[PDB]
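Residue numbers (the authors' numbering), protein chains in the order written: chain A, 1 to 438; chain E, 6 to 28, 44 to 74; chain B, 1 to 42, 45 to 278, 281 to 360, 369 to 437; chain F, 1 to 105, 125 to 151, 160 to 362, 371 to 382.
Inspection log for the structure reproduced underneath, given as structure tokens.
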Amino acid sequence: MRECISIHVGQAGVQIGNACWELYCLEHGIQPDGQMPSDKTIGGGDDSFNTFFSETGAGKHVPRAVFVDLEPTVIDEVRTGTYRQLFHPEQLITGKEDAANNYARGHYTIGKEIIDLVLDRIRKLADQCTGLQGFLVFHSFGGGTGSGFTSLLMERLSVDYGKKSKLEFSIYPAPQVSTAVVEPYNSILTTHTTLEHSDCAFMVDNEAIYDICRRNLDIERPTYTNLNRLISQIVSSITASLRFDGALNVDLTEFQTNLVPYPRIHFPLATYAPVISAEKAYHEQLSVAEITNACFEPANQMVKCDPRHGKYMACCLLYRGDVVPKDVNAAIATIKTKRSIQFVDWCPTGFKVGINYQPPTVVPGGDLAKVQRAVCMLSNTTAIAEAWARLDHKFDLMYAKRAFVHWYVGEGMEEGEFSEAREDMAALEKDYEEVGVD
Amino acid sequence: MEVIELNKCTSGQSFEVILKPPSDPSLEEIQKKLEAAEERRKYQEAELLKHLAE
Amino acid sequence: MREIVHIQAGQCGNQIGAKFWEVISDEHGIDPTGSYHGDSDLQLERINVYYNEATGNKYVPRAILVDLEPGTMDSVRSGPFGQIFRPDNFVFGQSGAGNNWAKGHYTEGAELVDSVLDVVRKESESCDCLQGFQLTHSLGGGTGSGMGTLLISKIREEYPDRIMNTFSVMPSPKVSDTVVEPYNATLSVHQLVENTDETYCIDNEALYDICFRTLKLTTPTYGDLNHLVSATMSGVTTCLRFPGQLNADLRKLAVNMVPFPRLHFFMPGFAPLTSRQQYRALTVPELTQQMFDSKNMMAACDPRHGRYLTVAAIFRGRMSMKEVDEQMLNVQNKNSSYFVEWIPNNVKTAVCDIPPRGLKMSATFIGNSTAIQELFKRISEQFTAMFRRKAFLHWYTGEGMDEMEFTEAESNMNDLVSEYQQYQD
Amino acid sequence: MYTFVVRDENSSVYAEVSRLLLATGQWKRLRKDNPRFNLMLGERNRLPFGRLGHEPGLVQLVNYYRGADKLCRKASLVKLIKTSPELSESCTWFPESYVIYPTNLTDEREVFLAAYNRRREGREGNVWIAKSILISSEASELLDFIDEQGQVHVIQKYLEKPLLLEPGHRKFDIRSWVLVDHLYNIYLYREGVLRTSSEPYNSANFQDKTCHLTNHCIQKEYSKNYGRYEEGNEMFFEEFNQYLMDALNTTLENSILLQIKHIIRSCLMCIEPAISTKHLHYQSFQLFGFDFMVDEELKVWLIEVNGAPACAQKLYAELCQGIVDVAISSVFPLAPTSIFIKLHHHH
Ligand SMILES: Nc1nc2c(ncn2[C@@H]2O[C@H](COP(=O)(O)OP(=O)(O)OP(=O)(O)O)[C@@H](O)[C@H]2O)c(=O)[nH]1
Ligand SMILES: Nc1ncnc2c1ncn2[C@@H]1O[C@H](COP(=O)(O)OP(=O)(O)CP(=O)(O)O)[C@@H](O)[C@H]1O
Ligand SMILES: Nc1nc2c(ncn2[C@@H]2O[C@H](COP(=O)(O)OP(=O)(O)O)[C@@H](O)[C@H]2O)c(=O)[nH]1
Ligand SMILES: CN(C)C(=O)c1ccc(F)cc1Br
Ligand SMILES: [Ca+2]
Ligand SMILES: [Ca+2]
Ligand SMILES: [Ca+2]
Ligand SMILES: [Mg+2]
Ligand SMILES: [Mg+2]
Ligand SMILES: [Mg+2]
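This is the structure in structure tokens:
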């Protein structure tokens, strides 16, 4: 049994982390007070859920998490929320004034004076691990803290924990739920200084989560609560293998091996289905072939793109529910004869498949409905580069006029780090095209 | 259409299917980046105060 | 706990500020004695942003009243809410400024500035974490213009990394006290260019034309103009005074509205504006057609003569947020020739559930528009029409100023016009 | 008030569409780099599809189906036909073709020689054509001509028995314009053209390519009888239909039109699961120009498919207006007797 330490940075990272650990508890049977009736080893044990929860002599199950925000308003929701008893105060770190959506401010100005503190709190969670696997980092692209402070924390974690792996859950900026104009800058700044420090990154485009809420859940104007309860469902499915008995994705190392053959291309696309409204009278339950066939629809991708005009490098299918291998293979055959799935000639055309028999848990009173089976597909497609193209294009439009650039230089950053960062994306985009197009 | 490495436990099972075969900055350097920008903030604020003194 | 420090200076500064505290104090359930009597916890959530909590559950505004004559401030202390302001926060002289920028900035004002900063420092020292400052004042007078900018220059010296925000009233010959108002305004504008992050331009002529033409006021008065500024000030500050994550911090707002350090002069707007057909409910489409209409803008500038660098909208009231987005996206998509295409998504919309007093719903417009150059063009034209003949210069040279400093203020603002011009293309 | 942008100044077709849109008073043109657009008339090469469908509140539409180059490229078309089971290698309406890469760079060189040596042995007609033009009956010259270049080429069977119009004894081809809207309905323009050759067909001299190539630019450049029989070497369906009835005692519908409507279906239906925008975040629609050949047995063969074709001068008005009815207005309705023929199919 090896431990996994989760790190939530910024508002988006913190709220999403609040919805995952809420979901983790309902899944593993943990109550708000940290008590777990099904755990027969009191204050000890090396079970599959112990990779995410430590135990106290009193029987409390404490998440292996650390929350970090440069302003206390968002983390204060955790200290008084439903699951306040789960964490102790050390795990929650808050500042006094934020980064004002300025990467330079979160990385340099404010980050420098708080970096040593975070590491020390993280070192305390590491001092409980008998064999720490790595870290799961949740943050946003647009926020000054989520972008600026994350890249700095990543640089430092590669120094204090060299051999340890580091995965990202990043939030792609979408104008429909953002009031910041400089989020392109931040996104492209953080992705540059973070690239060589992350082993595998799952981008969730708010635009995708937004339309999935409006279309499937019939929410006219979704709130962050709606978005986070869905995002944590995907996260739960991706982390399940680490928290349950199983043989696929049993530790963070298996994610890079099974999903990232080329290092810089460590952004797998995620697809999820089904997402059914809870307010529905009563839905006809989908089969294995129907939910699998849905994983190849742009409508339920975490990043809107067209995989048909890309080339897959790897592919995983995580099933949760009443599913058996006989049904999985059946659907795959039928899909290959219909769909357009072009692999790269230096990778096998295969699918690693995991199955967990416990169906997806739903938050009481949430928006999602209880389904008997559901799947999450992690596919490394060159089609995700479309996201980088859009983002890069917006960057070019502003930087051409140096718009807003003074706010970054005013916090000590050099104007050169802009182009240097943008040239790295230009290289990232070329690596995708060299691997996909003919 | 082959199914290899079938692993089964009580909570589930995982396997593989093959359709077709194929064909850092040290601690010293980060403290310098941080202290370098902090020096350009100090020089920009000094020039601001110098302007205000004039 | 993100506290703001309010400062009002001069005749215009204090009367407008006074009404401002009258307007928001009503929205937060604060009575003229400081006691709270609202009915919604949303009223107190962000109350410590503009108010200090004294003993007995009393809420004392975080405001500093400044003037070089006692007249105007005596009226505030005897006005409606005058009793609510901290007694020590009244800092005033007796000389007066004689509507002279030089007196407010170099001679009279200089003698009183140190003691006003003594009070600002006393308010900041109590703040758990200070966002920044906001100053209400006029630019055509002598105190709020001459001494006001002196305070900003000195505040930025003692707090160089805090946000400096101002509500500036621009003079107009149609609403003119003295003929030296262009001199005073041209001299302040250079200070605001250098030492302020955000400045809400408010042209008195626009306020006049709005009262005469739209509101149907036969003979408008300063009080009528101040009502609008109150409603407008109450509007732009909604982001900061209630639970809204859209434009929370002054620095965040500045970071999203100011693409360039010097172009930070905003055009504010308000809707509805109805004459006493006043009970009619106003639909979301109507709110948006007026909010962008020039006749609802208070800079007296035609936005269709320039381009929008950034735009912030705030909608207050129980309405369809889905319908808000739809109409906002409609305005952009039907007039995308007036929004610069080199700033993606330069139009942001915030929603607030608590409406202003006496309105089922309203909207507030905040626009960083290159058309604001039309304002600085009128001032620079009136300035030159006199400075070429050295007319009325003795009032200033007699206070220690040189014709050189006037020539520089001139050239410094003609440069500001040119700057707004290269970005309009 | 709908809005659109233009990114292809050289397009003679959509240039007219842009003129008709503004003549409606309900469409507004924007700069070619403004992303707040309802409709895009995109560039031919490297159209930025990845940036479409990401503007909130806007339903965006584009005039190029992403991935249609599979059908509008010489080597791509051949590869598509021989690999797609919907078309099979035994396809009867497409000339036997092979993809040949130059030796200075898969490749079907040896496969072509086998079928070539089989024809020279059986006394059959062994005349092939290379393109990406040379016509020769010797395998040595066709291959040697490709090596002298540096791009991919295609060698397919040359129809030695083409149908010849009389008087004249001249070759010709047929151009059919097909429009596909966002719902993937296949509309065929009721009006086609025949870009005819003004020179008599001669099968004993492939050196002079004036009587073998029916292109409008080659006939108007290397032909000495241009415009003799019909205006601009373009005979339309009415006249060509009357001719078929007078000489052969049959109609254009029965003899050729049925095969054309069948080819257009089998090609477009084949790639529908690959380019469809039925569940995409944006919508697509494209105009196509199919080039057919007809032999002396009244059998229709498919030559190539143009993804950015032009139109006959006489038919610019009627067709462009039709593109606005079924493709644009059906998505952005404004405030007949269709000039198309819907080719129903199973989606
Ligand atoms: N999906 C999702 N996105 C969020 C959430 N909160 C913020 N965002 C997105 O994050 C982006 C802004 O980043 P923030 O997380 O608010 O910034 P921050 O980390 O708090 O850093 P500061 O700039 O200092 O405030 C916007 O594009 C939002 O759409 C959330 O709870 N869920
Ligand atoms: N296998 C074949 N049999 C008979 N004729 C052929 C042929 N292949 C090509 N041609 C002749 O070549 C001409 C078409 O050439 P092709 O279309 O390959 O070049 P191109 O694409 O530059 C012209 P366009 O795109 O305008 O149709 C036709 O007029 C046809 O007569
Ligand atoms: N909107 C508004 N403008 C005013 C008011 N009082 C004065 N002004 C304007 O301010 C300018 C005079 O400035 P004033 O406040 O008298 O200067 P002071 O000496 O600093 O107080 C003139 O252009 C007036 O039009 C007022 O109550 N409301
Ligand atoms: C002297 N003077 C400018 C005024 O009394 C005045 C005030 C307000 C107004 F709207 C119009 C006028 Br006029
Ligand atoms: Ca245990
Ligand atoms: Ca590493
Ligand atoms: Ca004195
Ligand atoms: Mg924040
Ligand atoms: Mg006065
Ligand atoms: Mg061609």
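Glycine is no exception: its CB is placed at the ideal position from the N, C-alpha and C atoms.
Contact between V260/A and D211/A does not hold, since their C-beta atoms are separated by about 28 angstroms, which reaches or exceeds 8 angstroms. Shortest Cα-Cα distance from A104/B to any of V257/B, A187/B, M425/B involves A187/B. Residue ranges of uninterrupted beta strand (DSSP E) with 3 or more members, entirely inside the stretch 123 to 153 of chain A and ordered along the chain, are 134 to 140.
When Cβ-Cβ separations below 8 angstroms define contact, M40/F makes no contact with chain B.
In the three-state DSSP reduction, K60/A falls in the coil class, being neither helix nor strand. Relative to the non-hydrogen atoms of ligand 6, the Cβ of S158/A comes within a distance shorter than 7 angstroms of at least one. Taking one beta carbon from each stretch, the stretch 70 to 90 of chain F and the stretch 16 to 34 of chain F have fewer than 3 pairs nearer than 8 angstroms; the two do not touch.
Relative to ligand 8, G10/A has its C-beta within less than 7 angstroms of a heavy atom. Going down the chain, each residue whose beta-carbon is closer than 5 angstroms to a heavy atom of ligand 4 shows up: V177/B, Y210/B, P222/B, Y224/B. Contact annotation: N38/F and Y2/F have beta-carbon atoms nearer than 8 angstroms. Contact between the stretch 248 to 256 of chain B and the stretch 214 to 223 of chain B is absent, with fewer than three C-beta pairs closer than 8 angstroms. In the structure shown, the three-state DSSP call for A374/A is strand.
No alpha helix (DSSP H) of 4 residues or more sits fully in the stretch 297 to 345 of chain F. With its beta carbon less than 8 angstroms from one in chain F, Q336/B belongs to the interface. Comparing C-alpha distances from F404/B to each of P184/B, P175/B, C12/B, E159/B shows the shortest one belongs to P184/B.
Straight across, the Cα-Cα distance linking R88/B with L117/A is about 40 angstroms. Between the C-alpha atoms of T349/A and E21/E there is a straight-line separation of about 11 angstroms. Think of a sphere of 7 angstroms around the beta carbon of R36/F: the chain B residues whose beta carbon falls inside it are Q336, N337, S340, in chain order.
In terms of side-chain proximity, the C-beta atom of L227/B is found nearer than 7 angstroms to a non-hydrogen atom of ligand 3. Taking 7 angstroms as the cut-off between beta carbons, none of the residues of the stretch 70 to 95 of chain B comes near chain F.
Cβ neighbours of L11/E within its own chain (closer than 6 angstroms, five residues either side excluded): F20. Secondary structure of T191/A (DSSP, three-state): helix. Within chain F, no residue has its CB atom less than 9 angstroms from the CB of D76/A, the nearest being about 31 angstroms off.
In the three-state reduction of the DSSP assignment, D345/A falls in the coil class, being assigned neither a helical nor a strand state. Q11/A sits close to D69/A, with the two beta carbons spaced by under 8 angstroms. Listed in chain order, the non-local C-beta contacts of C12/B below 7 angstroms within the same chain comprise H139, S140, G143, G146, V171, local neighbours out to five positions each way being set aside. With a cutoff of 7 angstroms, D211/A does not count as near ligand 3, since its C-beta is closer than that to no heavy atom of the ligand. Ranked by Cα distance from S158/A, the first of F138/A, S140/A, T194/A is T194/A. Between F267/A and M203/A a beta carbon distance of about 6 angstroms is seen, short of the 8 angstroms cut, so the two are scored as contacting. Ranked by how close their Cα comes to the Cα of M1/A, the residues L132/A, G17/A, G29/A have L132/A in first place.
Annotated three-state conformation of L58/F is coil, per DSSP. Taking the CA atoms as reference points, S298/B sits about 40 angstroms from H209/F. In the displayed model, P72/A falls within a helix according to three-state DSSP. Taking the Cβ of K184/F as the reference point, at least one heavy atom of ligand 2 falls within a distance shorter than 7 angstroms. In the structure shown, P189/F adopts extended strand secondary structure according to DSSP, grouped into three states.
Look at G17/A: its beta carbon is at least 7 angstroms from all of the heavy atoms in ligand 8.
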